[PDB]
Amino acid sequence: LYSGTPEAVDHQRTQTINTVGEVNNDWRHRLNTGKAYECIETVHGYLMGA
Amino acid sequence: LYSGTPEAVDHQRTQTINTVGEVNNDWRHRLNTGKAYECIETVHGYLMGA
Amino acid sequence: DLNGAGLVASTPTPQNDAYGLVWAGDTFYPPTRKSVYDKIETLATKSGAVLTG
Amino acid sequence: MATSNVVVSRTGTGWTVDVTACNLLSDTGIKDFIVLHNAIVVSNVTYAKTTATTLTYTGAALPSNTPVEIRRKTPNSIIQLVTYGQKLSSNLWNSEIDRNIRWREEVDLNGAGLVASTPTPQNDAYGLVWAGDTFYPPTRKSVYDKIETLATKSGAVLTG
Amino acid sequence: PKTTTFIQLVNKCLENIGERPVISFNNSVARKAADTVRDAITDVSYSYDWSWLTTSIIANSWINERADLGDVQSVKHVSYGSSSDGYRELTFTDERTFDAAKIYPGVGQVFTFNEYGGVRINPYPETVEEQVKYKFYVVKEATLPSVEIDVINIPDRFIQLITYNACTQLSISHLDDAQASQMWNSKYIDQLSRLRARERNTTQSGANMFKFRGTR
Amino acid sequence: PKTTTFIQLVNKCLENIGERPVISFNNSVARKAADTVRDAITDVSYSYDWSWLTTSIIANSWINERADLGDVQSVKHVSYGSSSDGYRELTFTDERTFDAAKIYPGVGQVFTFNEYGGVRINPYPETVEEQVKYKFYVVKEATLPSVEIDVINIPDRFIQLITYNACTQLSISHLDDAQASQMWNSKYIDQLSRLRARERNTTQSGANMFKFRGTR
Amino acid sequence: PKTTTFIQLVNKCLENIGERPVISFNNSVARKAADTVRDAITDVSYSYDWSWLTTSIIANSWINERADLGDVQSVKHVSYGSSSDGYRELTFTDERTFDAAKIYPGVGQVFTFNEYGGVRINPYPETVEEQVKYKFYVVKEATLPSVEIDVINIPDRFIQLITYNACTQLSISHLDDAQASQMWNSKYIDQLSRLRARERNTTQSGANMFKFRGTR
Amino acid sequence: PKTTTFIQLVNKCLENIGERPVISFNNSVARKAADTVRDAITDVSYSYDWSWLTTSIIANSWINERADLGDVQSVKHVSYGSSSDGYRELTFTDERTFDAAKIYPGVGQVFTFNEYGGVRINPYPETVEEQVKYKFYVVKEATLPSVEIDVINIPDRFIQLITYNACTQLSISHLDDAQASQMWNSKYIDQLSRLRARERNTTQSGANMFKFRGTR
Amino acid sequence: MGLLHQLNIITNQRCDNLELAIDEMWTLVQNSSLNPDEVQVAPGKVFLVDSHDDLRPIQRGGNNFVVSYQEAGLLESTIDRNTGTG
Amino acid sequence: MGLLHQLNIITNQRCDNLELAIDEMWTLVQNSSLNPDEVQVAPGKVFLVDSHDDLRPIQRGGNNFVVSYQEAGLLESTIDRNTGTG
Amino acid sequence: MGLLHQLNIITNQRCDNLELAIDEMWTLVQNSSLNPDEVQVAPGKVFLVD
C-alpha cells in the first residue's frame, strides 16, 4: 500500500479478499492514490522535525 | 513524463498498459500537462533555496 | 473415355471398377490403386487386428 | 469453347490458380478439371472450385516449385431429364450442346481419358497415397507387402 | 442439418397456403412457388447476419490492387497474415483518401470499397503467395437452388422461417389475400424477432461496451 | 415423463381443430398436421431457454482448432477440465481478436464462434484425451419426430403448450380463421407467459445483481 | 452475378401480377410490363447510392473548360493525377465564384456544375494526356435494357427488389388494385429499408464524425 | 440522353392510364393526352430548379436600359465581363432605389426587374460589344413539343416523372378517378422528393453555411 | 488498510466507468441521400438530407459519479481523521 | 506515475471529444425554392422558402465534460497533495 | 508548447463558429400579400399580411 508500482498494485489486489471481503477488484484501471504514502511521509516528516 | 516533447509523449504511451492497465490510450491528441515538470521544478527550486 | 477409339492395338489400361464379379477372368486388365485400397480397408490384419461386429 | 492447359508452379499449400485459360464450366458444383502434380495425375478433391476461373488448393504442402498443371475434363453426365409436359428450354439445349463442344474440344487438345498420362505401376507404400487414385495401377511388390499383413478366412494364425 | 430439398420446401409452402402437393416444377403453380421460395430465401438472408452466412474467405481473383470477392452482402474487415503467424487488421479509408496515395506493390496497410464486389488494398500483393495471405470477413449471399433435387444450403431449423416468408409472398401473389398475408407476416416477424434476440454473434458475458484498440 | 408420441399429438391437434383422429399420416390433413406439429415444436423451443433444452455437452467432432457442436440454438460458455479437478471458464473474444494471435496446440484460453455450430478454441487440443476435457454450455434444438410412433423428447406437461401453438398455426393454414387463430394464440401466449415467469434457471434467493469476478 | 435477362424479369412480373409468361413483347400487357420494368429499374437506381452504380470514371468528351460526363445521377468529387502518382481533390465552388476568375489552360484547381451532365474545371486541360488525368466520382444511372434478350446490368440479388417495385407499379397501372399495390409497396419498402441499413459504403469501424482536413 | 419523342410519351401515359395506343394526335383522346403532357412538363419544370433548366445566357434584345430575356422562370444573378477577364457580379436593388438614380450609358453596377422577362441595368450598355458582355444566371422554361415527331428537350431519366404527373392529371381529366389520381400523385411525389433530395446544385463537401462576400 | 483498499477500488471503478462515459456518439439511420462517408463535423456544414432525424446524437443517461466522489471524499476524510494528520 | 498518466489520458480524451462538440451544423431538407447555394449567414438575411422547417440547426446532446473536468481537478489535487507542493 | 498550440486551435475554432452563430435571419413563406421587397425592419412598422 505504501509503495506505488504496478507490482505493488498486483500484490494489493491479492489481499482484498482477506481485508475488504468478497468484492470485485478486477478493474482494468490499476491506479494507486498514494494515500498511505502521503500519510506515512507526513508522519515521518513531523517525527523527524520533532 | 518530466520532459514534454512529441517523442516523450510517444514513449509515455508505450508504458500506459504497464502503469495504468488495459486502457485505451490511442487518442489523436498528444498533449502533455507538464504536471510532473512543474512538480519537479518547484521542489527543485525550494530545495535549492534551502 | 474408358476404352478409346480408332483402329489401334488394345493395350491394357487400369480399370477403376468396384470390387466384385467383374474382377474374375480378366487376365490382362490391372486394377487401380483406389480399387485395391477400398477393398483392403475392409480386411483384418494378421497382427494386432481389432475385430468388430 | 476453346480450352487451354494451365501450367504453374507453387510451393506449400493454401494457394490459388487462375484457370481462365482452361475456361471451366460456370457451375462451381461441377469439378470439370484434372490436376497433374509433377507430370503425374492426382486426385482433384484437394482443389476446391472457388469460382469458374479460380481454383484453391487445400491439400498437403507441395515441394518447392512443383509443376502443377490443370486440364479441363467435362464430366459425362446429363444436365437434366425432360419429362411429360415440360417446357422446351432453349437454355438447356444450349447447355447440352455446349457441353458436347467442351468434351470434343478437350478430346482434340488433349486425349480422351486414357492418355492423360502414361499409366505406370507406382511403387508407393500402402496408405493415404492411393486414397482415390483413378490411374497408375499399383505394383505387385506393394500389393504383396500389404496383403501379407492380412488375416485369412480359413486356417488363419492370428498373432499379436 | 442441411437435408431439406427445394421440392420439399415448395410443397410445404403450397400445402400451407392451401394448394395441392406437386412432384415437379412442370406446372405454373410450382414454377411460381419456386420463384417465391427463392425470393423468400434471399429475403431471409437479407434479414440478419446469420451464422450460416458469416464467414472468412480469401479473394476469388485479383486485379492489380482490386480483389474481387464475388457476390457477398457486405465486407466487414480485412486482415493480413497467416494462422501460424497471426492476422493484422487493415485500416478502412474512404475512396478519396485511398486515391490520394501512390498505388504500389507491397504489404497491405489500408483498404476501401471499389464499385460492386471489390476491395482495393494499398499496398497490393503481386504474387499468389501474398494474395492468399489476406482474410476477408464477409457476409455471404444465400445460395439459391435451381432444380427439384437441389439441397438448400440452409440449416433445417430455419426452414420454418423461410416457409413463413414464402407463404406471406404466396398469399400476396397467388391468392391476393391480405388477411392471410398479414397472418403469415405476423408469424414470420415474431419468429425472426425471437431468433435475432436469442442468436447473436457474441455471448452475453462478452457483450461489453469497451473494446481495447491498442494504445498509440 | 416423456411418453407422448407424435401420432397422439397430431391426433390431439386434429381433434382440437375439428378433424377426425387418424392412425397414420396418409391423407393431406394428417400430413399438414404433422408438419405443423414439427413447426410448433421448433417454435416452442425457440420461445425460451427451457430446462429440457439447456445442457452441458462435449464437441461432436474436431477439426484442427474448430470444434463442431452439431445443431444447437446457442453456445453460452466453454470450460476446460474435469469433474474430479474442476472446470475453468474460457474467455470469449470476437473473431478479429481471436485471429490476431498464433494458433498452436495447447490448453484452451479463449474461444470464438465460427460459421454455424462451431467454436474455435485457442490454444486447441490435438488428442482425444485433451478434447474430451472441454465442456460446452449450449441450448439444444428440439428433436423433431419423424414417424407416427416416435416418442417426442419433451415432457408431457408442455404438450398442451405445443398443442396451443400447433392449433394456432393450423387455424392459420387449414381453417383460414383469423378469429380462431387469435384465440389459440391468446391461450398459447398466456400459458407461455406464466411458464416463463414461474420457470427460471435461478432461484429467487439466488437472483442477485452481484457476481464475484475474482480480483484480477 | 449479372445473368438476369429483360424477358425473364418481364415474365416474373407478369406471373406475379397474374398474366401468362410471354416469349416476346408482342401484346399490350407485355409492352406495358416492359415499360414498367424499365421504370422500376430507374426507380430503384434513384432509391439509393448502390455499389453497382457508384464508380470513378473519366470524362466522355471535353469542350474548352467543360467536361461532359454524359448521363450521371450526380457528381460527388473530382480529382487530378494518376494512380502511380496519387490523386489530389479539387475544391468545389459555386457558379458565380467560378466565373469570377479567368479561364485559362493549366492544371485544375476548382470545379463547378454547368447545365446537365457537365463539370467546368479551372484551370482546364488542353491535351488528351492532361484530360485523362481527371477522375470523376459519380453515381451512374441504371442501364435500361432495350430488347428481350438484353442482360440487365444489375446483380441477381436485387432482381427481387426490382420485381416488387415493378409489381407495385403494375398493380397501379394494369390491375388498378390499390390494396395489391399497397401490399407490393410494403414488401418493396421493407426490403429496401433493410438493404439500405445493412449495405452501406463505409464500415462500422470506419464510421466516424472526424475527418482529417490537413492544417491549411 | 434526349431521345424520347412526344408521341412516345403520350403513348406511355395512355397505356399507364388504361387507354389504347395511338399513332397520331388525330383523335380526341390523343389531343387531350398531348395537352395533359404539355401541362405535366410545365408542372415538373416548375417543381424544381433542374440542372437541365439552369443555364447562363445573354440578353435576347436590349432597349436603352432594359434587357429582354424572353420567357425564363426566374433570374438569379447578373454578371459583367468575359471569360478571358473574369465576371463581376452586379448588385440587386429594388425598383424604387433603382429609379432614384440617373440612367446613363456606361458599365453596369446595379440591376432590377421590369415587369415580365426584363432586367434593367444601370449604367446600361449602348453598343453590342458591351451588351454581349453581360451574363444572366436564369432558370429556363421547359420547351413544349407541338407535333408527334418532336423530341422532348428533357433527359430520358425524367420522362417517367413526367409520365407520373401526366397520369395524375389524366386520371383527373379523362377518367375522373380520384383513387387512381391519388396513387399516381403518390408515385410522382415520392420520386420527386428523392430526386430533389439527391440531385442538388452543390456537393455535400461544398455545402457550407459560410460564404465569403468581402472585406469592405 | 481496509479504508485504503476501498478508496483504491472506488477510484478504479470510477475510472472504468468514466472512460466509457465521456465519448460523444451519433446514430445514423438508413436513408436515400445521407451516406456515412458524408457525415463529418465541420464549422457551418450543411447536411443535404431528406429528413431532419436521420442523424441524431446519442443521449447518455444520468451517471452516478457524484456518489462515488462523495464516498471517495468521505474515505479520505476518515483516513486522515483516523491517522491524525488533520 | 499512474496519476500523471491518467491525467494525460483524461486531457487527451476530453480534447478529442471537444474538437467535435463545438462546431455549429445545419440541416437542409429537399424543397422547391431554397437551394443549398443560397443558405448562408448574413445580418438580417431573409430566406425565400416554401416551408419554415426546410433549414434547421442540429441540436447537440448533453455533454459529459463536467465529469471530465471534475476528475482532472481531483487528479491534480491528489498529485499536489501526494507530492507535498500544497 | 503543445498547450499553446491547442489554445490557438481552440481560439480559432471558437471564432469560426461564433462568426456564424451571431447573425439574425428571417424566413418568409410564399403568400398573396407580403412581398420580399416590403419586409423591412422599422420602428412601429405594421405588416399588411394574410
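For clarity, chains are labelled A, B, C, D, E, F, G, H, I, J and K in written order, and residue numbers in each chain start from 1.
Please note the rule applied: a contact is a pair of C-beta atoms (placed from the backbone, for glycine too) under 8 Å apart; a residue touches a chain by one contact, two chains touch by 3 or more.
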Between subunit E and its twin subunit F, rotation from the CA superposition, multiple of 5 degrees: 30
Contact-richer chain pair [D-E vs A-I]: A-I
Most centrally placed chain, judged by C-alpha centres: E
Cα-centroid distance, subunit D relative to subunit F, in whole angstrom: 42
Centroid distance [mean C-alpha coordinates] between subunit J and subunit B, Å: 27
Approximate Å spacing (C-alpha centroids) for the pair subunit E, subunit K: 50
Where subunit H and subunit J are represented by their mean Cα positions, the distance between them in whole Å: 42
Sites on subunit K at which at least two other chains make contact: 6, 13, 17, 20
Contacts with two or more other chains, residues of subunit H listed in rising order: 193-194, 197-198, 200-202, 204-205, 207-210
Residue list for subunit D, restricted to those that touch at least two other chains: none
Sites on subunit G touched by subunit J in the complex: 94, 209-210
Residues of subunit J defined as touching subunit A within the complex: 1-3, 6, 78, 81-82, 84
For the subunit K and subunit J complex, residues of the former touching the latter: 6, 10, 13-14, 17, 20-21, 23-30, 36, 39, 41
Residues of subunit E touching subunit G in the complex: 28, 31-32, 35, 39, 42-43, 46-47, 49, 71, 73-77, 92-96, 99-104, 113, 115-117, 141, 169, 172-173, 176, 178, 181
Contact footprint of subunit K on subunit I as seen in their complex: 43-44
